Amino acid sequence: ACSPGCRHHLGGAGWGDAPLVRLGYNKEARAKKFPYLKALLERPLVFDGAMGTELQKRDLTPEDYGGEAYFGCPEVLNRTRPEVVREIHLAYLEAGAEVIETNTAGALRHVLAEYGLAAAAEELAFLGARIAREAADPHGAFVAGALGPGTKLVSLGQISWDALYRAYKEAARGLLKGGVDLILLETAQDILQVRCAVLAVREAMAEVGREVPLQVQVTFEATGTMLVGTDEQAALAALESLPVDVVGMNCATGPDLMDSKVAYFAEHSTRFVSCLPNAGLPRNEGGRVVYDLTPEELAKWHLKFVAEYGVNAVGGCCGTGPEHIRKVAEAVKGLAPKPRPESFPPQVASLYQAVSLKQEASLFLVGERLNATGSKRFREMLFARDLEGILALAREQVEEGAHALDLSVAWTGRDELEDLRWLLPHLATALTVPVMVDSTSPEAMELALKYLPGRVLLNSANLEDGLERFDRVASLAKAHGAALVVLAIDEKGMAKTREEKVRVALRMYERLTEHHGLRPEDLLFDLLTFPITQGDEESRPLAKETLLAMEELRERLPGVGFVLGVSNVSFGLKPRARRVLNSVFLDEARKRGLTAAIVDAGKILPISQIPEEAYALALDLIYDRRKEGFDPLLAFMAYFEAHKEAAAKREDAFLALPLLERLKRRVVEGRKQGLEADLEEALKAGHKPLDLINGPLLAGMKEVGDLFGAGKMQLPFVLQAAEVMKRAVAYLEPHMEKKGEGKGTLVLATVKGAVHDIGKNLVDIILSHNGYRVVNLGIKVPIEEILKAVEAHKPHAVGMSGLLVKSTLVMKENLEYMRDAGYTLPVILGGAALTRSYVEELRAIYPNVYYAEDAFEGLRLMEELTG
């Protein structure tokens, strides 16, 4: 049945025990194979609590981690102190944890590189797995092979796909040899990282010859999204077409804020559902490090989750212990598990939100104007490398009704891939709506899927060049969990008659559903839109042929969608004529079964707004209604050359607001195109350079900080705003009157032992873009080296960062060092576990120490202290 195009390793085929088939998630068939999933049907399995906050309780020294170089790495304890890891496992098993997690989340090349252990991930993964079996096999319990998100965000360009894929592949080998009962991807922050890690571990399954179940889990930030800005609706929509088995949450902030999120996963997911909150964020109660979630409260949460919502697996994360799991194992034993929903509503998604493929009484509209062949303006800015101009175009089609966007960079004598690699990093975070990737090259689609988050659409697969290319693209759409446009062209040519369209649509449907295991709701069948208006005879019945096929295939293929490029029906006509025929063809298509269209969104006219004599002649064209004498094409052109404004459109003045308000809205909305012209307009009108910085520019920067903190703006849009502010400062900097000085300088560094840099490098970017000089010394920096930089650079303040409670004690040591060396200058501490209370405690050592919750407080503090 297969051809050389086929590749059913990652996604799975339509036969056997593949994760997805034509009727959705394989629930009954996969349970038979995997005893973990078999038990989820029958009973709520209990997971372990934390590994790391247990390891921190122990009296651990540098020699226990094999020396000073690796002090604080959890993964080396599988080699250097295996019994300490086992001790914890055994204590959860005695509390009643039917599943435990291998101490292997940080076991990745690029994370392990920071301890000089880059070559060692497969090793440390193997050892942590073996330890876990030796505990679990005595107690008759399952082992889950934990893998974490790393230190480097792929959507924002901190690591490539290829390296991130390399790391998850080798770490999964290590687990699969060690004999894990499932792979578990956890604490995910970046929806593209999820897809990368899922495909990786599915390949490592194909290499070692053993297939285990897949459990993927995200963390939400307090604001209510993932770090990179993905909501729960989008996260789920991305996971529901991937080869996974369980979806869920871990860590985050506690059960309080996780509640509505797990309510969503529980209601809609056709997969099983996991849920593992931490004990909330730690505090310091007179020396001792305290968590506020009691075990009695965690039982009263997991009872609600398991018995009201229908959550299958329950457990804990950072700052829970054996006492938490004890009370959880009690509360859930003998509850009858609710069966998971049978089908899932078809949707796609961007980085940030999901979109239904069925729109009620309406259409999924795909803006057509990012097409090099089909838009002079796009073509020009593509070749001129005008990034701002392309985002203005893309942004513009959204404002007019675009649910998604079509992207086509192909042009004679250009490299399609070179242009794609420039563009897609920017689009991946720029766009607020999903992409449809338009290409005849399977390698162009492949590249695109390594860059674009969410769930995507591929345009198209057909049988033009045989079964190779068809199967190639169909496997690709199965793996990345993308929707597939199916065009009706076979090896003998384009399908012109209705009988030709059905035959071809029927055969492809059969390859995709039965062979490749695709759902109907994944397919959008494109029958052909040919130009009926060019002049020729044979071409007259061709829009009719297509509408009649589509109403036949709607009845014969219940689940499917249909897509058309309706702007091709009108070729060989004037702009204004084209608009009207396209608006009418679109409406008759909806009636016959069309669910989706490729259109210029803002040039769709409602049927109410079309002249009636024009409307009826449009019908006469579309359905081939031709009397002797009466030529409906001539009368249709006659009409437009007579009636002057029959389809005229001006759209203007969206930003025609007050000048100072416009400048501020430029920062908040992140719009740089036109920025410098407006800033000049303001200077000519008497506005002083330094008044514009501290007036409308600073106000929109406070507003950007106000919205982000409340969950009303996402992280990439915050980096956009600062970019607008950067350009603004560069423009007005030459013209200012009290010249001679900068705003201020901050030496910044993560502390000795602290490996994570995402939030340090956000503070760098945000402060530098606002014209603060930032000497970023990197990670693990000793205090001796910090004060060398200070003595050289004469900064206005010192900033220290680190994620953990041990980071906070190192900062206390650094203040004791700085006090005794005689330093008096301002220090600014921040960090994920660092609280406001603990810094006020530290003021007894060093008076001029301040606390930052985020980089916008650093903003505030830098302003305040520099003057």
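Numbering starts at 1 and runs along the sequence shown.
- Comparing the deposited coordinates for 660-668 and 88-96, the stretch with the larger average C-alpha B-factor is 88-96.
- Legend: mean Cα B-factor per stretch from the PDB entry, 395-403 versus 311-319; the higher mean is in 311-319.
- The residue among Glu443, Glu500, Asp415, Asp181 whose C-alpha carries the highest B-factor in the deposited model is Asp181.
- The entry assigns its greatest Cα B factor, within the set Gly559, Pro295, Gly602, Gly374, to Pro295.
- Among all modelled residues in its chain, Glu555 ranks in the middle third by Cα B-factor.
- Ranked by C-alpha B-factor against the other modelled residues of its chain, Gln714 falls in the lowest third.
- Among the modelled residues of its chain, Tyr352 has a C-alpha B-factor that falls in the lowest third, as given in the PDB entry.
- The entry lists a Cα temperature factor for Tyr817 that places it in the lowest third of the chain's modelled residues.
- Per-chain ranking of the deposited C-alpha B factor places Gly157 in the lowest third.
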